[PDB]
Amino acid sequence: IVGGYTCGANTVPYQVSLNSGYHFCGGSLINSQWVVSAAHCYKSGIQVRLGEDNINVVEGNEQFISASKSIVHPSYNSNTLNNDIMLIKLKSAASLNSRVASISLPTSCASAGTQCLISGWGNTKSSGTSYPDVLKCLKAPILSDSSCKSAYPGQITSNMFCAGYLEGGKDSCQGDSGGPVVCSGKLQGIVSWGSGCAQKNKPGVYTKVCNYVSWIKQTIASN
Amino acid sequence: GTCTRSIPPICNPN
Ligand SMILES: [Ca+2]
């Protein structure tokens with residue numbers, strides 16, 4: 001997260017870290033046994049780390065649970081990033097508490113201009129790299145479809161939306177992929193891609209979760 | 001020049 005702020009320990013209790021001997025992507029807990037992340041975050045050997053603040057120190061309230069299923073959307077296109085969504089089933093259910101909690105799925109899509117919370121352990125610099133120990137947070141608005149498409153001609157599918165700031169300086173970044181965009185208490189976005197980070201006229205692009213609520217429910221119900 | 005926001009990034013020539 002570039003241009004954000006320190007969230008505060010466990011203030012984003014649905015935020016998880018995907019770990020393969022290092023943090024590589026975020027995700028969102030949507031019930032005690034299932035996590036939403038990005039399809040491009042798929043790999044073997046994922047350990048889901050819940051209740052985290054400082055990801056480099058065992059502080060208390062962590063739960064480390066192996067992924068037992070990592071389900072990429074069958075129509076994920078790795079070149080366009082269309083359908084960039086993945087469901088992870090935890091090997092055992094997380095223990096839900098004030099510091100480890102699920103986030104609601106949307107019942108309808110969000111509107112341009114609505115303020116959302118984006119969070120993660122990604123790079124905090126728009127030039128070079130600096131990776132934080134503790135979770136970072138950013139308030140950012142959903143942009144209009146025409147502005148999103150104007151920023152990224154020929155690249156925005158109906159399963160994507162833009163959020164952030166065209167003046168630069170505030171954005172998600174490498175390491176935030178798969179993590180949450182939460183608007184009005186609903187998971188509306190998944191950190192996906194962008195041109196650089198926090199660059200002028202290049203907002204973040206996010207998977208449009210409201211288009212996948214039925215697929216998520218049907219996939220969980222059959223697994 | 002566009003990249004996924006994973007570690008490591010997956011990037012396009014553009
Ligand atoms: Ca920790």
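Summary of computed values
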| quantity | calculated |
| --- | --- |
| Some residue of the stretch A:165-172 being more than 14 Å from chain B (Cβ to nearest Cβ) and free of Cβ contacts under 8 Å to residues at least 12 places away in the same chain | no |
| Candidates A:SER70, A:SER44, filtered to the one that is farther than 27 Å from A:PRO141 by Cβ and either crowded, with 18+ Cβ neighbours inside 10 Å or acidic (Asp, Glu) (or both) | A:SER70 |
| Cβ-Cβ under 7 Å pairs, at least 6 apart or on other chains, the stretch A:25-45 side closer than 13 Å to A:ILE71 by Cα, far side among the charged types (D, E, K, R) and crowded, with 24+ Cβ neighbours inside 10 Å | A:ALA38/A:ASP84; A:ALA39/A:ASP84; A:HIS40/A:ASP84 |
| Only listed residue being touching a strand residue (DSSP E or B) at 6+ places or on another chain (Cβ under 7 Å) and either among the hydroxyl-bearing types (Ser, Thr, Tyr) or free of Cβ contacts under 8 Å to residues at least 12 places away in the same chain (or both), chosen from A:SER70, A:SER108, A:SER98 | A:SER70 |
| Residue in the stretch A:55-62 that is more than 16 Å from the ligand (Cβ to nearest atom), of a type in the set (A, V, I, L, M, F, W, C) and out of contact with any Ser or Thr (no Cβ under 8 Å at 6 or more places or on another chain) present | no |
| Enumeration of residues in the stretch A:75-129 that are basic (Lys, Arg) and either within 26 Å of B:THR2 (Cα to Cα) or within 14 Å of another protein chain (Cβ to nearest Cβ) (or both) | A:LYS125 |
| Checking A:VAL72 against (1) away from the ligand (no atom under 16 Å from the Cβ); (2) more than 14 Å from every other protein chain (Cβ to nearest Cβ), the condition it does not meet | (2) |
| A:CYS7 vs. criteria within 14 Å of the ligand (Cβ to nearest atom), surrounded by 19 or more Cβ atoms within 10 Å (Cβ to Cβ) and closer than 25 Å to A:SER127 by Cα | yes |
| All positions within the stretch A:11-36 that are more than 16 Å from the chain's Cα centre (by Cα) and either among the hydroxyl-bearing types (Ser, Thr, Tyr) or assigned by CATH to the domain that holds A:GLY194 (or both) | A:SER20, A:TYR22, A:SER32 |
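Ideal geometry is used to build each Cβ from the backbone, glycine not excepted, and the neighbour counts take in all protein chains shown. Basis: the model, the stated rules and, where named, an outside source; these are not laboratory values.
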